[PDB]
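Undergrad: Have a look at the structure that comes next, please.
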Amino acid sequence: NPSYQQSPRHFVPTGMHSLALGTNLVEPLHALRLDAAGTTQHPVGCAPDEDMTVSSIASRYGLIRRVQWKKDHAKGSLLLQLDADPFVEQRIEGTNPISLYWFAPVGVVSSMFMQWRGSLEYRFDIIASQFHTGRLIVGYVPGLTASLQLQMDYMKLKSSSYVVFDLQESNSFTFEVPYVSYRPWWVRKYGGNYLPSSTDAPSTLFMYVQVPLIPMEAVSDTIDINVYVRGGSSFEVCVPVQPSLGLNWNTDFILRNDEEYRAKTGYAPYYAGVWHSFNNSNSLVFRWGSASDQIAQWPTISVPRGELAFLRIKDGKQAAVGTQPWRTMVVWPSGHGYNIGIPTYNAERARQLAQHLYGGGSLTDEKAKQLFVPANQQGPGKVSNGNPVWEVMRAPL
Amino acid sequence: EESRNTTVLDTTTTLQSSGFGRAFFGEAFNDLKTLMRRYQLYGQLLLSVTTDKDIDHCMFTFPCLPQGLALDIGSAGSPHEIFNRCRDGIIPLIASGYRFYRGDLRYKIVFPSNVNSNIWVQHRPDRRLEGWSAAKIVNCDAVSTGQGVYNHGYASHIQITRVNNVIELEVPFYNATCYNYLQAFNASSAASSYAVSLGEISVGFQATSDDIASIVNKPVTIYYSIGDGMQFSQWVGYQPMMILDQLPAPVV
Amino acid sequence: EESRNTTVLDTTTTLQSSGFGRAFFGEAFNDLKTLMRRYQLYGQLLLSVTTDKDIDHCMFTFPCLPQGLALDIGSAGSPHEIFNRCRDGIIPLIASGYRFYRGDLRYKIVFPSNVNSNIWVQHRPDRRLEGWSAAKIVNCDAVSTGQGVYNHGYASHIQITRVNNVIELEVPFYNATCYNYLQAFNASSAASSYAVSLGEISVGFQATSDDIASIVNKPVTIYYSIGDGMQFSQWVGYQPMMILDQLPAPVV
Amino acid sequence: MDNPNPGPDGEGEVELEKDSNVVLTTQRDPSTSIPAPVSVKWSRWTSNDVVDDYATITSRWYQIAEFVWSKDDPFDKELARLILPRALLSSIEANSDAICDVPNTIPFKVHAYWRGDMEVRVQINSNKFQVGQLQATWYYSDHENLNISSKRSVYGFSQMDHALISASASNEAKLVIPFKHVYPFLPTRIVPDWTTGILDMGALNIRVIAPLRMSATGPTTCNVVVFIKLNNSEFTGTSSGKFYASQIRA
């Protein structure tokens, strides 16, 4: 035991390893693995065929639009004008309140990233018999603000970059959309649910019919045209942020309308029960926990002067169980700085107590204390299912 | 074919490659795997004691899979605002794009601060996930099977909340499979049920019921990331998305 | 021209160079960049819960820029004495001298001691600063957009207040720009708004509302420094100064 | 080039594809689409018991589905969500005769477990003046994925690699389908750990990308037929055929 008298290192604690970092950085762990040198392995038939990469995903077409193309489209006719950003779109005509959308793989892999740049590629499969013949422009106009999105026609389109194509025998091509913008990268068209900071697209694609289709009588008047999107050779994305897209695995959504009334967050589930600071434990009040001084707090009801209010739950199944389900309540300040909720037998007693408390009365008053539910009614004391909504009954005083 | 390109109509003069931000920000974002390892919120809960728990009872148990837990908006009265609003995430969004996976996960559970009590964490490779329903965090009730209690053989670890209240993990790949399912799972084969979750982690406090009252309705957020060894396999196209900025406003 | 010198009328015999204190104090002060990295007070606040916050809600959000936040003396009744008295600082004073910048920032937020609760910190490169007004720390209210909540993709970090209550940061340069604006900003172009802030950091406690009462009106001071990689560009002369010792006395 | 000279023979060359004792022809180049790299044999890891591919009979081409594709079918309209190892058996049994009758499928009657690459050709005979386009897409273990009912649409299969069958060209769609499943072997009957979802690798499905279009007096129907080779297979675990149960009706 030589003594080690020299001064100790002086380090600063932190509670946690970095969450953001994810590359050139060893990240220590409490492995639940047995061997400490063990690591997952891939037997030769279990080998990972797919090299996950933004480019390996971006370089896959997904059908994104399906133009119809009738014979009687005159030479000027528009077929589509989808924006020249990866977030090209095809809404599903669903019954859902919040409609789902198809995306190109580039349109999903690029939603995860704040910024993108480089060429896109729209393959066009002009589905036709070789006996169909026609010609169509597939132009690209840099710098079109949405007000200029209209006023377009194929002839203004010809002024800027475009590509004529001749449907005859070969019936497919692949226009490669240019990246023209003043910004070296380009910001996401959408965003995490936050409308400002949603820049619109750099430029717009167009596809007018330069020479109208001229079918034989024995073949169809109409030709389908599929528009596929693919990340180009130079397509690339940088900053990772919140995806602007969510999976359809669960399309439930919950509006936070303030009109319905409910206990403050973290104070539910609650059950009727005794509490020593209120009526000396003689009378019921909601509680979010068995321990002392754990009464549920409640939002202050907005009562205009000269009126009164008392609660009634929308669903009697979710009310906390006493001797009877507690569908009725009167919310009043406890004098401890928070609004306790006082369960009552019925809408009538609740209305009466409400008449008292807004009537210049107080909790200590005998006329009120008669209206409070006695402790013996506590019963099993089952908790309310979650944090159930309370409709606010209102009456003139 | 899908990736065929019949006749390119090039207009572009060649654009400078940026190396995915390597030439600007100093860091490539090319490999999507290295982004997969940024940590993500995985689940979230308010602890809810029901039965008078002993030292051994697990407080909650959740299956541990890359796909992400079935999304839990929460009850209409008390939404978990992030999943309600910031739908799903990144890692599940990319897990959407492939059909099989074979790899580790990491977790880094963040326990509530006010509590002092010790916390154990089992991993349970044995357990089968039983359909996409009940692929969610579960608040275990009264003990009736071995599911509700600490178990001897299963790999485990015990954070001391007093020293640092965020146990960090490395759930390993233990399955008798080539590689597990990765989309949502409805369980066709009875033996398909072993083919999804890496295991079935269980967190549990060692508090006696007298002290367990401090713990009630204290948040316990959870994180996860795919753990380096992860390797998704077969490509599968994205199911329809739902744009987030288009979600309804709260309305005043 | 500005730096021209037509006809020097030297009287001086040459004075010994000191190397900017290198010959005395042992350290050069020549490079102003290395002084820029001494940390400075950046903002300051008393936490103010309004809505019944959930685990996910951000407690406050501020844009993160070298220019310094728009100076906040505070209300006439309750001044923040340092900005009231010690006007601005060093780093903003030198940020006054240049017109563009391109670099990192560091922060080292100092949370209140009495609170135990875990604390997360988002960085949000997406957000545009919207004019010099509302270039200040903001106490977010009820959730209505995604602005008010934790988000999945955005880079983040989570200090455990119990272990050490000062998260330290490295806000990086993510903009699709050559280099950002550096003076005060009134937003001419709509796309000029992406050309100022590095991002839009958001700090948020994970406390349930029952515990959030401990947190109210507890100070949260913030620091910043330019982070080594910073490089201001075009020279621009100083706007008029206001001498500090000449500021009025409190008057007994 | 550009010098047609049709004779009694007709004009073009006819490429073949012999296997065991079944040759079948396509005038057109197949639009091959291969979802995965070829499988490793994997009998090594899970079978002491005698293993043997039956190359001389399992690898023969044999029909599993055929269907009319009239102009009445709307844009996105499934024609056939074939399962594959099952449809090879389910179609035979649907045709009112036992699996034992058909040479391709006798080893399934016996061996408890199957593995191995599949081949699927989706031949068509649209007239040259018709306009339309099938896609043929293989989707691994579709049934396991409950949200597939939403994905199962042409926008959603066009993202993964898939064959295209233009009705103008009457193109034939080859489709190699190498084995990939969570478990290395597929059982051919009820087995101790699973019963339901027997011998179900996944599903071929042939959504329409463009409905047939034609002159009002033109040829309405367009028949399609789907052969399936079962090549680099291997069977293991010999077992009595009385245990075998008829495949689920689908």
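Just remember, in the structure tokens the first chain shown is A, the second B, etc., residues are 1-based per chain, and ligands are 1-based in the order shown.
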For the interface of chain C with chain B (cut-off 9 Å, counting only C-alpha atoms), please tabulate each contacting residue of chain C alongside its nearest pair of atoms and their separation in Å to one decimal, rows sorted by chain and increasing number, as a Markdown table.
TA:
| residue | atom | partner | partner_atom | distance |
| --- | --- | --- | --- | --- |
| C:54 | CA | B:80 | CA | 7.8 |
| C:55 | CA | B:219 | CA | 7.0 |
| C:56 | CA | B:82 | CA | 6.4 |
| C:57 | CA | B:81 | CA | 7.8 |
| C:116 | CA | B:113 | CA | 5.6 |
| C:117 | CA | B:113 | CA | 5.2 |
| C:118 | CA | B:113 | CA | 6.6 |
| C:143 | CA | B:81 | CA | 8.0 |
| C:144 | CA | B:250 | CA | 5.6 |
| C:145 | CA | B:249 | CA | 7.3 |
| C:146 | CA | B:85 | CA | 6.4 |
| C:149 | CA | B:82 | CA | 6.1 |
| C:150 | CA | B:82 | CA | 6.2 |
| C:151 | CA | B:86 | CA | 6.0 |
| C:152 | CA | B:89 | CA | 5.2 |
| C:153 | CA | B:90 | CA | 6.0 |
| C:155 | CA | B:38 | CA | 7.8 |
| C:156 | CA | B:39 | CA | 8.6 |
| C:160 | CA | B:165 | CA | 7.3 |
| C:161 | CA | B:113 | CA | 8.1 |
| C:162 | CA | B:113 | CA | 6.9 |
| C:163 | CA | B:164 | CA | 6.2 |
| C:172 | CA | B:25 | CA | 8.4 |
| C:173 | CA | B:25 | CA | 6.7 |
| C:174 | CA | B:25 | CA | 6.8 |
| C:175 | CA | B:25 | CA | 8.7 |
| C:206 | CA | B:219 | CA | 7.3 |
| C:207 | CA | B:219 | CA | 7.3 |
| C:208 | CA | B:218 | CA | 6.9 |
| C:211 | CA | B:114 | CA | 8.9 |
Undergrad: Excluding same-chain residues fewer than 4 positions from residue 229 in chain B, what lies within 8 Å of it counting only C-alpha atoms, as a list in words?
TA: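 Skipping anything fewer than 4 positions along the chain leaves residues 39, 40 and 41 of chain A; 102, 103 and 104 of chain B.
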Undergrad: Per residue of chain B within 9 Å of chain D, which atom pair is closest and at what distance in Å (one decimal), using only C-alpha atoms, listed by chain and increasing number, as CSV?
TA:
residue,atom,partner,partner_atom,distance
B:1,CA,D:163,CA,5.0
B:2,CA,D:161,CA,4.9
B:3,CA,D:161,CA,7.1
B:99,CA,D:140,CA,7.5
B:100,CA,D:182,CA,7.8
B:132,CA,D:146,CA,8.3
B:176,CA,D:183,CA,8.1
B:177,CA,D:183,CA,5.4
B:178,CA,D:182,CA,5.3
B:179,CA,D:182,CA,5.1
B:180,CA,D:182,CA,5.6
B:181,CA,D:182,CA,6.9
B:182,CA,D:145,CA,8.5
B:183,CA,D:145,CA,5.9
B:184,CA,D:145,CA,5.2
B:185,CA,D:145,CA,5.0
B:186,CA,D:146,CA,5.3
B:187,CA,D:144,CA,5.8
B:188,CA,D:197,CA,5.5
B:189,CA,D:194,CA,5.2
B:190,CA,D:194,CA,4.8
B:191,CA,D:194,CA,5.2
B:192,CA,D:194,CA,7.8
B:195,CA,D:182,CA,6.5
B:234,CA,D:36,CA,7.2
B:235,CA,D:160,CA,6.3
B:236,CA,D:160,CA,5.3
B:237,CA,D:159,CA,4.8
B:238,CA,D:156,CA,6.7
B:239,CA,D:151,CA,5.0
B:240,CA,D:151,CA,6.9
Undergrad: Looking at C:96, C:11, C:125, C:73, which one is nearest to residue 114 in chain A, with distances taken over only C-alpha atoms?
TA: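 The answer is C:125, which sits nearest to residue 114 in chain A.
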Undergrad: Can you work out which residues from chain A touch chain D at a cut-off of 6 Å (counting only C-alpha atoms) and hand them back as a ChimeraX atom specification?
TA: /A:45,61-63,128-129,218-220
Undergrad: Enumerate, as a ChimeraX atom specification, the complete set of residues in range 31-242 of chain C that a backbone-based DSSP assignment places in strand (DSSP E).
TA: /C:40-43,60-62,100-101,119-122,156-159,180-181,201-205,222-224
Undergrad: Could you write those residues out with N, CA, C and O atoms, as an mmCIF file, in the first residue's frame?
TA:
data_model
loop_
_atom_site.group_PDB
_atom_site.id
_atom_site.type_symbol
_atom_site.label_atom_id
_atom_site.label_comp_id
_atom_site.auth_asym_id
_atom_site.auth_seq_id
_atom_site.Cartn_x
_atom_site.Cartn_y
_atom_site.Cartn_z
ATOM 1 N N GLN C 40 -20.999 33.998 -22.396
ATOM 2 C CA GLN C 40 -21.746 35.195 -22.061
ATOM 3 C C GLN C 40 -23.177 34.878 -21.684
ATOM 4 O O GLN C 40 -23.749 33.922 -22.189
ATOM 5 N N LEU C 41 -23.757 35.681 -20.800
ATOM 6 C CA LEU C 41 -25.174 35.566 -20.507
ATOM 7 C C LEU C 41 -25.958 35.874 -21.772
ATOM 8 O O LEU C 41 -25.671 36.840 -22.467
ATOM 9 N N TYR C 42 -26.957 35.059 -22.064
ATOM 10 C CA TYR C 42 -27.621 35.110 -23.356
ATOM 11 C C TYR C 42 -29.058 35.521 -23.207
ATOM 12 O O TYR C 42 -29.587 36.296 -23.993
ATOM 13 N N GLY C 43 -29.691 34.974 -22.186
ATOM 14 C CA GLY C 43 -31.062 35.292 -21.878
ATOM 15 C C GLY C 43 -31.253 34.937 -20.432
ATOM 16 O O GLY C 43 -30.328 34.478 -19.773
ATOM 17 N N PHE C 60 -40.199 26.426 -22.607
ATOM 18 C CA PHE C 60 -39.909 27.660 -23.331
ATOM 19 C C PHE C 60 -39.059 27.394 -24.556
ATOM 20 O O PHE C 60 -38.335 26.409 -24.616
ATOM 21 N N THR C 61 -39.149 28.290 -25.530
ATOM 22 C CA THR C 61 -38.438 28.127 -26.785
ATOM 23 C C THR C 61 -37.766 29.424 -27.167
ATOM 24 O O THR C 61 -38.390 30.473 -27.113
ATOM 25 N N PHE C 62 -36.504 29.366 -27.565
ATOM 26 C CA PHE C 62 -35.850 30.571 -28.046
ATOM 27 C C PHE C 62 -35.026 30.304 -29.287
ATOM 28 O O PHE C 62 -34.402 29.256 -29.400
ATOM 29 N N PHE C 100 -22.047 39.195 -41.889
ATOM 30 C CA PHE C 100 -22.441 37.806 -42.084
ATOM 31 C C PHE C 100 -21.672 36.890 -41.143
ATOM 32 O O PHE C 100 -20.559 37.208 -40.749
ATOM 33 N N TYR C 101 -22.250 35.742 -40.804
ATOM 34 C CA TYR C 101 -21.535 34.758 -40.001
ATOM 35 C C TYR C 101 -21.841 33.367 -40.519
ATOM 36 O O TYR C 101 -22.843 33.168 -41.187
ATOM 37 N N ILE C 119 -34.972 17.090 -17.947
ATOM 38 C CA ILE C 119 -35.177 18.204 -18.863
ATOM 39 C C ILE C 119 -34.707 17.919 -20.275
ATOM 40 O O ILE C 119 -33.535 17.645 -20.486
ATOM 41 N N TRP C 120 -35.606 17.992 -21.247
ATOM 42 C CA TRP C 120 -35.200 17.781 -22.630
ATOM 43 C C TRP C 120 -35.006 19.085 -23.379
ATOM 44 O O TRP C 120 -35.616 20.099 -23.050
ATOM 45 N N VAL C 121 -34.151 19.038 -24.394
ATOM 46 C CA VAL C 121 -33.789 20.193 -25.199
ATOM 47 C C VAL C 121 -33.747 19.824 -26.669
ATOM 48 O O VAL C 121 -32.849 19.105 -27.109
ATOM 49 N N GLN C 122 -34.752 20.274 -27.408
ATOM 50 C CA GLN C 122 -34.784 20.153 -28.855
ATOM 51 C C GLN C 122 -33.929 21.202 -29.522
ATOM 52 O O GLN C 122 -33.795 22.310 -29.011
ATOM 53 N N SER C 156 -31.903 16.218 -30.218
ATOM 54 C CA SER C 156 -32.293 16.607 -28.874
ATOM 55 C C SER C 156 -31.386 16.019 -27.828
ATOM 56 O O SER C 156 -30.580 15.152 -28.125
ATOM 57 N N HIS C 157 -31.512 16.492 -26.596
ATOM 58 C CA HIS C 157 -30.753 15.891 -25.506
ATOM 59 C C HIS C 157 -31.464 16.076 -24.180
ATOM 60 O O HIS C 157 -32.191 17.033 -24.006
ATOM 61 N N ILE C 158 -31.244 15.175 -23.232
ATOM 62 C CA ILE C 158 -32.056 15.161 -22.021
ATOM 63 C C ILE C 158 -31.234 15.108 -20.747
ATOM 64 O O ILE C 158 -30.792 14.047 -20.321
ATOM 65 N N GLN C 159 -31.015 16.269 -20.150
ATOM 66 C CA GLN C 159 -30.281 16.335 -18.905
ATOM 67 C C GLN C 159 -31.095 15.772 -17.765
ATOM 68 O O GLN C 159 -32.304 15.966 -17.700
ATOM 69 N N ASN C 180 -25.322 33.380 -42.872
ATOM 70 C CA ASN C 180 -26.458 34.091 -42.295
ATOM 71 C C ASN C 180 -26.230 35.565 -42.015
ATOM 72 O O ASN C 180 -25.100 36.016 -41.926
ATOM 73 N N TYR C 181 -27.322 36.308 -41.897
ATOM 74 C CA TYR C 181 -27.312 37.692 -41.430
ATOM 75 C C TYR C 181 -26.870 37.818 -39.989
ATOM 76 O O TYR C 181 -27.031 36.896 -39.210
ATOM 77 N N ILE C 201 -34.081 26.555 -30.501
ATOM 78 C CA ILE C 201 -33.994 25.595 -29.401
ATOM 79 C C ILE C 201 -35.242 25.587 -28.546
ATOM 80 O O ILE C 201 -35.852 26.628 -28.336
ATOM 81 N N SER C 202 -35.640 24.421 -28.052
ATOM 82 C CA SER C 202 -36.746 24.396 -27.114
ATOM 83 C C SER C 202 -36.470 23.540 -25.905
ATOM 84 O O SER C 202 -36.258 22.337 -26.017
ATOM 85 N N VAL C 203 -36.484 24.176 -24.744
ATOM 86 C CA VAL C 203 -36.325 23.490 -23.481
ATOM 87 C C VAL C 203 -37.679 23.143 -22.902
ATOM 88 O O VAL C 203 -38.615 23.945 -22.962
ATOM 89 N N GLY C 204 -37.786 21.946 -22.341
ATOM 90 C CA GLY C 204 -39.025 21.514 -21.731
ATOM 91 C C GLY C 204 -38.841 20.468 -20.654
ATOM 92 O O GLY C 204 -38.101 19.501 -20.830
ATOM 93 N N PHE C 205 -39.494 20.691 -19.523
ATOM 94 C CA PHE C 205 -39.508 19.762 -18.404
ATOM 95 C C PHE C 205 -40.444 18.603 -18.675
ATOM 96 O O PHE C 205 -41.423 18.762 -19.395
ATOM 97 N N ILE C 222 -29.125 31.348 -19.212
ATOM 98 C CA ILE C 222 -28.599 30.700 -20.409
ATOM 99 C C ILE C 222 -27.298 31.364 -20.824
ATOM 100 O O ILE C 222 -27.133 32.558 -20.632
ATOM 101 N N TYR C 223 -26.374 30.604 -21.395
ATOM 102 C CA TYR C 223 -25.105 31.164 -21.827
ATOM 103 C C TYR C 223 -24.831 30.871 -23.279
ATOM 104 O O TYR C 223 -25.501 30.040 -23.861
ATOM 105 N N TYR C 224 -23.885 31.569 -23.890
ATOM 106 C CA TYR C 224 -23.518 31.189 -25.240
ATOM 107 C C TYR C 224 -22.160 31.733 -25.596
ATOM 108 O O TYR C 224 -21.661 32.663 -24.964
#
Undergrad: I need the chain A residues near chain C as a list in words; criterion: at most 7 Å, counting only C-alpha atoms.
TA: residues 13, 14, 15, 16, 18, 19, 20, 114, 183, 184, 185, 186, 192, 193, 194, 197, 239, 240, 241, 242, 243, 264, 265 and 266 of chain A
Undergrad: Filtering to N, CA and C atoms, could you give me those residues as a PDB file, in the first residue's frame?
TA:
ATOM      1  N   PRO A  13     -19.881  15.646 -13.982  1.00  0.00           N
ATOM      2  CA  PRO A  13     -20.952  14.691 -14.282  1.00  0.00           C
ATOM      3  C   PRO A  13     -21.978  15.190 -15.276  1.00  0.00           C
ATOM      4  N   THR A  14     -22.495  14.284 -16.090  1.00  0.00           N
ATOM      5  CA  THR A  14     -23.736  14.514 -16.809  1.00  0.00           C
ATOM      6  C   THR A  14     -24.569  13.268 -16.675  1.00  0.00           C
ATOM      7  N   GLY A  15     -25.882  13.410 -16.746  1.00  0.00           N
ATOM      8  CA  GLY A  15     -26.750  12.289 -16.465  1.00  0.00           C
ATOM      9  C   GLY A  15     -26.903  11.286 -17.585  1.00  0.00           C
ATOM     10  N   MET A  16     -26.515  11.657 -18.798  1.00  0.00           N
ATOM     11  CA  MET A  16     -26.938  10.890 -19.961  1.00  0.00           C
ATOM     12  C   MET A  16     -26.020  11.044 -21.166  1.00  0.00           C
ATOM     13  N   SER A  18     -25.228  11.259 -25.224  1.00  0.00           N
ATOM     14  CA  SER A  18     -25.900  12.038 -26.252  1.00  0.00           C
ATOM     15  C   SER A  18     -26.949  11.240 -27.006  1.00  0.00           C
ATOM     16  N   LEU A  19     -28.109  11.855 -27.202  1.00  0.00           N
ATOM     17  CA  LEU A  19     -29.193  11.259 -27.971  1.00  0.00           C
ATOM     18  C   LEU A  19     -29.072  11.586 -29.442  1.00  0.00           C
ATOM     19  N   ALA A  20     -28.491  12.736 -29.742  1.00  0.00           N
ATOM     20  CA  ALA A  20     -28.441  13.202 -31.112  1.00  0.00           C
ATOM     21  C   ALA A  20     -27.387  12.482 -31.922  1.00  0.00           C
ATOM     22  N   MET A 114     -34.867  18.153 -43.492  1.00  0.00           N
ATOM     23  CA  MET A 114     -35.278  19.536 -43.648  1.00  0.00           C
ATOM     24  C   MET A 114     -35.040  20.036 -45.057  1.00  0.00           C
ATOM     25  N   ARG A 183     -31.102  28.762 -53.879  1.00  0.00           N
ATOM     26  CA  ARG A 183     -30.752  28.202 -52.593  1.00  0.00           C
ATOM     27  C   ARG A 183     -30.043  26.874 -52.823  1.00  0.00           C
ATOM     28  N   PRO A 184     -28.817  26.726 -52.308  1.00  0.00           N
ATOM     29  CA  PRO A 184     -27.989  25.548 -52.571  1.00  0.00           C
ATOM     30  C   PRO A 184     -28.681  24.261 -52.170  1.00  0.00           C
ATOM     31  N   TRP A 185     -29.478  24.317 -51.114  1.00  0.00           N
ATOM     32  CA  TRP A 185     -30.378  23.231 -50.760  1.00  0.00           C
ATOM     33  C   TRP A 185     -31.788  23.761 -50.913  1.00  0.00           C
ATOM     34  N   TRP A 186     -32.801  22.980 -50.577  1.00  0.00           N
ATOM     35  CA  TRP A 186     -34.137  23.547 -50.581  1.00  0.00           C
ATOM     36  C   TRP A 186     -34.941  23.002 -49.425  1.00  0.00           C
ATOM     37  N   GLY A 192     -43.414  19.502 -39.574  1.00  0.00           N
ATOM     38  CA  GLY A 192     -44.086  18.923 -38.427  1.00  0.00           C
ATOM     39  C   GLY A 192     -45.245  19.855 -38.196  1.00  0.00           C
ATOM     40  N   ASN A 193     -46.323  19.382 -37.578  1.00  0.00           N
ATOM     41  CA  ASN A 193     -47.580  20.119 -37.618  1.00  0.00           C
ATOM     42  C   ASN A 193     -47.413  21.565 -37.199  1.00  0.00           C
ATOM     43  N   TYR A 194     -46.936  22.371 -38.142  1.00  0.00           N
ATOM     44  CA  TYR A 194     -46.583  23.756 -37.890  1.00  0.00           C
ATOM     45  C   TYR A 194     -46.529  24.475 -39.233  1.00  0.00           C
ATOM     46  N   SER A 197     -43.052  28.029 -41.867  1.00  0.00           N
ATOM     47  CA  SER A 197     -41.883  27.204 -42.167  1.00  0.00           C
ATOM     48  C   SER A 197     -42.266  26.039 -43.061  1.00  0.00           C
ATOM     49  N   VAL A 239     -30.237  17.870 -43.552  1.00  0.00           N
ATOM     50  CA  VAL A 239     -30.616  17.961 -42.144  1.00  0.00           C
ATOM     51  C   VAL A 239     -31.808  17.107 -41.759  1.00  0.00           C
ATOM     52  N   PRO A 240     -31.649  16.244 -40.742  1.00  0.00           N
ATOM     53  CA  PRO A 240     -32.723  15.412 -40.197  1.00  0.00           C
ATOM     54  C   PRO A 240     -33.604  16.162 -39.232  1.00  0.00           C
ATOM     55  N   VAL A 241     -34.903  16.193 -39.480  1.00  0.00           N
ATOM     56  CA  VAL A 241     -35.843  16.769 -38.532  1.00  0.00           C
ATOM     57  C   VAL A 241     -37.093  15.914 -38.484  1.00  0.00           C
ATOM     58  N   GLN A 242     -38.160  16.418 -37.877  1.00  0.00           N
ATOM     59  CA  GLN A 242     -39.376  15.633 -37.744  1.00  0.00           C
ATOM     60  C   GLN A 242     -39.972  15.295 -39.083  1.00  0.00           C
ATOM     61  N   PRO A 243     -40.341  14.026 -39.287  1.00  0.00           N
ATOM     62  CA  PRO A 243     -41.024  13.712 -40.534  1.00  0.00           C
ATOM     63  C   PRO A 243     -42.320  14.482 -40.640  1.00  0.00           C
ATOM     64  N   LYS A 264     -57.310  18.223 -14.377  1.00  0.00           N
ATOM     65  CA  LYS A 264     -55.986  18.590 -14.871  1.00  0.00           C
ATOM     66  C   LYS A 264     -55.126  17.365 -15.106  1.00  0.00           C
ATOM     67  N   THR A 265     -54.261  17.446 -16.111  1.00  0.00           N
ATOM     68  CA  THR A 265     -53.427  16.322 -16.503  1.00  0.00           C
ATOM     69  C   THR A 265     -52.525  15.896 -15.357  1.00  0.00           C
ATOM     70  N   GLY A 266     -52.411  14.590 -15.151  1.00  0.00           N
ATOM     71  CA  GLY A 266     -51.615  14.048 -14.067  1.00  0.00           C
ATOM     72  C   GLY A 266     -52.365  13.919 -12.757  1.00  0.00           C
TER      73      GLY A 266
END
Undergrad: To one decimal place, how far is CA of residue 190 in chain D from CA of residue 232 in chain D in Å?
TA: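 About the pair CA of residue 190 in chain D and CA of residue 232 in chain D: they are 23.7 Å apart.
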Undergrad: Could you please determine the separation between CA of residue 286 in chain A and CA of residue 253 in chain A in Å, to one decimal place?
TA: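 Taking CA of residue 286 in chain A and CA of residue 253 in chain A, their separation equals 28.8 Å.
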Undergrad: Which one of B:133, B:231, B:139, B:48 sits closest to residue 69 in chain B if you count only C-alpha atoms?
TA: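 Closest residue, counting only C-alpha atoms: B:133.
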Undergrad: Could you name the residues that touch residue 86 in chain A at 9 Å or less, counting only C-alpha atoms, but leaving out those on the same chain fewer than 5 positions away, as a VMD selection string?
TA: chain A and resid 103 to 108 110 to 111 116 120 189 229 to 231
Undergrad: Give me, as a ChimeraX atom specification, all polymer residues having an atom no more than 6 Å from residue 224 in chain A, counting only C-alpha atoms and skipping those fewer than 6 positions away in the same chain.
TA: /A:68-69,127
Undergrad: For the residues in the current selection, export C-alpha atoms as a tab-separated table (two decimals), in the first residue's frame.
TA:
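In the end it all went to part.tsv:
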chain	number	residue	atom	x	y	z
A	68	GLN	CA	-55.93	10.29	-68.71
A	69	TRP	CA	-55.28	11.40	-72.30
A	127	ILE	CA	-49.57	3.39	-72.35
Undergrad: Could you tell me which of D:174, D:115, D:81, D:44 comes closest to residue 227 in chain D if we count only C-alpha atoms?
TA: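 Comparing D:174, D:115, D:81, D:44 against residue 227 in chain D, the winner is D:174.
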Undergrad: Residues near range 310-317 of chain A, anyone? I mean within 12 Å using only C-alpha atoms, not counting same-chain ones fewer than 4 positions away, as a PyMOL selection string.
TA: (chain A and resi 260-263+298-303+321+324-332+341-358+382-397) or (chain B and resi 77)
Undergrad: So which residues touch range 141-145 of chain A within 7 Å, counting only C-alpha atoms, skipping near sequence neighbours fewer than 3 positions away, as a PyMOL selection string?
TA: chain A and resi 148-149+157+160-161+180+202-205
Undergrad: Could you please write out, as a PyMOL selection string, every residue of range 14-204 of chain A that DSSP assigns to alpha helix (DSSP H)?
TA: chain A and resi 54-58+105-109+154-157
